[PDB]
Number of protein chains: 2
Amino acid sequence: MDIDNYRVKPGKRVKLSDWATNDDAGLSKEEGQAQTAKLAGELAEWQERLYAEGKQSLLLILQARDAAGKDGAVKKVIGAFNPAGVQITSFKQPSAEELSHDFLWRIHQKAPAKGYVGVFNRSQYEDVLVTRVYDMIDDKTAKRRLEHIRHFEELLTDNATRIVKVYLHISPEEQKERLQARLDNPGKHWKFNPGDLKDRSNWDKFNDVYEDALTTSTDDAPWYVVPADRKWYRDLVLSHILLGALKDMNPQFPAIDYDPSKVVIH
Amino acid sequence: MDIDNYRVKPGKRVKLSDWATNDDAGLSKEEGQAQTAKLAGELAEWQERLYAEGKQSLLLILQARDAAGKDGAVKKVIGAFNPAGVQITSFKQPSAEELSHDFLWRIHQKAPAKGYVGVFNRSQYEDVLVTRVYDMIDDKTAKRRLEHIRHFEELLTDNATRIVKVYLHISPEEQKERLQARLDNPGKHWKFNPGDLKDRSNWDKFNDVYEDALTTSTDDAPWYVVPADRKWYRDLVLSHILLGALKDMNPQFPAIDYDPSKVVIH
Ligand SMILES: Nc1ncnc2c1ncn2[C@@H]1O[C@H](COP(=O)(O)OP(=O)(O)OP(=O)(O)O)[C@@H](O)[C@H]1O
Ligand SMILES: Nc1ncnc2c1ncn2[C@@H]1O[C@H](COP(=O)(O)OP(=O)(O)OP(=O)(O)O)[C@@H](O)[C@H]1O
Ligand SMILES: Nc1ncnc2c1ncn2[C@@H]1O[C@H](COP(=O)(O)OP(=O)(O)OP(=O)(O)O)[C@@H](O)[C@H]1O
Ligand SMILES: Nc1ncnc2c1ncn2[C@@H]1O[C@H](COP(=O)(O)OP(=O)(O)OP(=O)(O)O)[C@@H](O)[C@H]1O
Ligand SMILES: Nc1ncnc2c1ncn2[C@@H]1O[C@H](COP(=O)(O)OP(=O)(O)O)[C@@H](O)[C@H]1O
Ligand SMILES: [Mg+2]
Ligand SMILES: [Mg+2]
């Protein structure tokens, strides 16, 4: 498996219909789940080093259509970290107070502190996604917002916040099956809403604006297009992406001023 | 396994030396962990109902000496919940801004919203624990702070915030072994701190101030004294305490405004 094949290279426009939704890297589900469990132990150790060092941060941004696995990826993969070192924000419809500020005001508030992992389940990119499809903003505004988003990510990068953006890529048939499973389950009815159907009738428009959003992929702030039809494969790929980032960040335990083997506990 | 025997009944003062630190209810680690795994599924389901209902909240407060298992309890038990529905705060030494306010200002800010589980890893009780042992405040101030804490918990209860306070109870010998394991393990040296030895020399003074703090136990805002020398037993007992609270709160899925069998997904 080469996860760099899922990275959007800078300057290369994405045509999503040419990107796989259903990869398995030749692995069975059981092999994939076992590898994910092993990576979870490494994710925990590297995140503990990140916290103890207190010099850098990691920001994971998740965007995806409804039912494409944002909630599941956070549970399964972000669940590998110590929850004391993680701040997860699920960005919903802007409140009245948030709308009275610039669109990055509420986003910047949640940028992670030194030593922490930040996770945006939805993010600044919502302001150039649904808002474009339903004509809440026009193209001129959307282009300007994408520029402001690039500048914001450059600001965080220079603050030693390592940025990873992940689009979970599922097929329309797979989304239909997952949405049907919500309708069928009385304990999941509360998660099906009329907007689900409206967004499906705008599937191709959403492709267009997601492909515009993916143009912010840079070497410092990459987008990944993760094939997510197989939930276990989504979790495996995301685990690799996050572990590669942490290993590259290479946090170190701080120096200590004593010899641990000589400490006497009474 | 009668969890209510660990509850501090109102007005019944605790003498911690008479409470066991190392119960196992006749279970092994394998047996206890299998029960905890089955309770985790039930915790996830009841927390999803709490969130979907959006009317009530759950607040878990943890206090314990260093190495007594706050971090582990949060990972193992709170990890059963969907992290999208949980807010964990690890309260550290008050900042200059926090000290310029009353002691409950920073605590009140983190009280949970409707639909959420809040976890205070340390809490308002720190202001009547370490502060008393080292004479940062006197008895008169400490008694007044305990009254304000009582009043604060009453305010949250009346807001349908279900309060559970948990003291993790370990023996001095157990703490010594766990601290030694930090000294012995290169990946854990960073968690050994000079305060560890100073507080041990003040073990009995801390018993006194914890027993005073435990007097805020009420039917509405109970303290539990959990035998925590066995880490798996700590997790089993805490799982029961939280599941009992959620089942009693009895959150209901909300009514929906459509017929799921009549929805047609194209
Ligand atoms: N800046 C924004 N402008 C408009 N809508 C936004 C913005 N940020 C988030 N939203 C919307 O808020 C809603 C949150 O809905 P909810 O928490 O119920 O999840 P959801 O419907 O399952 O979302 P998703 O479609 O991403 O899976 C989503 O429809 C999302 O598109
Ligand atoms: N158990 C839960 N506790 C708290 N919030 C939850 C829970 N289940 C779902 N939610 C929230 O309800 C909304 C709808 O859930 P949904 O399953 O669509 O999640 P999601 O994060 O949008 O993922 P997906 O990409 O699969 O749609 C989201 O805002 C999610 O955060
Ligand atoms: N209100 C408060 N006043 C003074 N000290 C406080 C207060 N709240 C928290 N603290 C202290 O902040 C410190 C946080 O330290 P740290 O995060 O390293 O954890 P720790 O040393 O493992 O804590 P613990 O002894 O609770 O296990 C603790 O020593 C705690 O007692
Ligand atoms: N992997 C981690 N990521 C983030 N914060 C961590 C991590 N490990 C420990 N911490 C924090 O560092 C401090 C010391 O850790 P420690 O293991 O003593 O935890 P704790 O919550 O105090 O538990 P205990 O009751 O066992 O002392 C605490 O503030 C803890 O929350
Ligand atoms: N698990 C326990 N371990 C040790 N002592 C306890 C425990 N539970 C209660 N006690 C002590 O026993 C005495 C009476 O407790 P109480 O809560 O009235 O018992 P119950 O309600 O079960 O009859 C008090 O001194 C109390 O501190
Ligand atoms: Mg969704
Ligand atoms: Mg500690």
# chains A, B, ... in the order shown; residues from 1 in each chain; ligands from 1
call {"tool": "interface_residues", "arguments": {"of": "chain B", "to": "chain A", "cutoff": "10 Å", "atoms": "only C-alpha atoms", "output": "PyMOL selection string"}}
result
chain B and resi 45+48-49+52-53+71-72+74-76+78-90+121+172-173+176-177+179-180+182-192+196-197+200-201+253-266
call {"tool": "residues_around", "arguments": {"residues": "residue 209 (chain A)", "least_positions_apart": "2", "cutoff": "12 Å", "atoms": "only C-alpha atoms", "output": "PyMOL selection string"}}
result
chain A and resi 13-16+125-135+138-139+142-143+146+202-207+211-215
call {"tool": "calpha_fit_rmsd", "arguments": {"fixed": "chain A", "moving": "chain B"}}
result
0.3 Å
call {"tool": "closest_residue", "arguments": {"among": "B:32, B:118, B:41, B:69", "to": "ligand 7", "atoms": "only C-alpha atoms and all ligand atoms"}}
result
B:69
call {"tool": "closest_residue", "arguments": {"among": "A:111, A:99, A:27, A:68", "to": "residue 227 (chain A)", "atoms": "only C-alpha atoms"}}
result
A:68
call {"tool": "residues_near_ligand", "arguments": {"ligand": "ligand 1", "cutoff": "6 Å", "atoms": "only C-alpha atoms and all ligand atoms", "output": "compact mmCIF listing (two decimals) with C-alpha atoms, in the first residue's frame"}}
result
# COMPACT_ATOMS: atom_id res chain seq x y z
CA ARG A 65 -20.84 13.53 2.13
CA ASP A 66 -23.35 12.31 4.68
CA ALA A 67 -22.82 8.67 5.73
CA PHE A 91 -18.75 22.11 12.96
CA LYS A 92 -22.49 22.59 12.40
CA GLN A 93 -24.62 25.39 10.92
CA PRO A 94 -23.09 28.73 12.05
CA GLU A 126 -18.13 24.03 4.50
CA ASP A 127 -18.09 27.76 3.70
call {"tool": "residues_near_ligand", "arguments": {"ligand": "ligand 5", "cutoff": "9 Å", "atoms": "only C-alpha atoms and all ligand atoms", "output": "list in words"}}
result
residues 3, 4, 5, 6, 7, 8, 9, 10, 12, 13, 14, 15, 16, 17, 18, 19, 20, 225, 226 and 227 of chain B
call {"tool": "select_by_dssp", "arguments": {"residues": "region 47-129 of chain A", "states": "strand (DSSP E)", "output": "list in words"}}
result
residues 57, 58, 59, 60, 61, 62, 63, 86, 87, 88, 89, 90, 117, 118, 119, 120 and 121 of chain A
call {"tool": "select_by_dssp", "arguments": {"residues": "region 20-264 of chain B", "states": "alpha helix (DSSP H)", "output": "ChimeraX atom specification"}}
result
/B:29-53,70-76,96-99,105-109,130-133,139-158,172-184,194-201,203-214,231-249
call {"tool": "atom_distance", "arguments": {"atom1": "CA of residue 252 (chain A)", "atom2": "atom 14 (C, counted along the ligand's line) of ligand 4"}}
result
16.5 Å
call {"tool": "atom_distance", "arguments": {"atom1": "atom 23 (O, counted along the ligand's line) of ligand 4", "atom2": "CA of residue 249 (chain A)"}}
result
25.9 Å
call {"tool": "closest_residue", "arguments": {"among": "A:28, A:123, A:250, A:63", "to": "ligand 6", "atoms": "only C-alpha atoms and all ligand atoms"}}
result
A:63
call {"tool": "closest_residue", "arguments": {"among": "B:70, B:231, B:110, B:145", "to": "ligand 7", "atoms": "only C-alpha atoms and all ligand atoms"}}
result
B:70
call {"tool": "atom_distance", "arguments": {"atom1": "CA of residue 30 (chain A)", "atom2": "CA of residue 230 (chain A)"}}
result
12.1 Å
call {"tool": "residues_around", "arguments": {"residues": "residue 165 (chain A)", "least_positions_apart": "5", "cutoff": "8 Å", "atoms": "only C-alpha atoms", "output": "ChimeraX atom specification"}}
result
/A:60-63,221-224
call {"tool": "residues_around", "arguments": {"residues": "residue 158 (chain A)", "least_positions_apart": "6", "cutoff": "12 Å", "atoms": "only C-alpha atoms", "output": "number ranges by chain"}}
result
A: 56-57, 151-152, 220-221
call {"tool": "write_last_selection", "arguments": {"atoms": "C-alpha atoms", "output": "CSV table (one decimal), in the first residue's frame"}}
result
chain,number,residue,atom,x,y,z
A,56,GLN,CA,3.9,21.2,17.9
A,57,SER,CA,0.4,20.3,17.0
A,151,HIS,CA,-3.6,31.9,4.0
A,152,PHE,CA,-5.1,30.5,7.3
A,220,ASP,CA,2.6,21.6,3.6
A,221,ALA,CA,-1.2,21.2,3.8
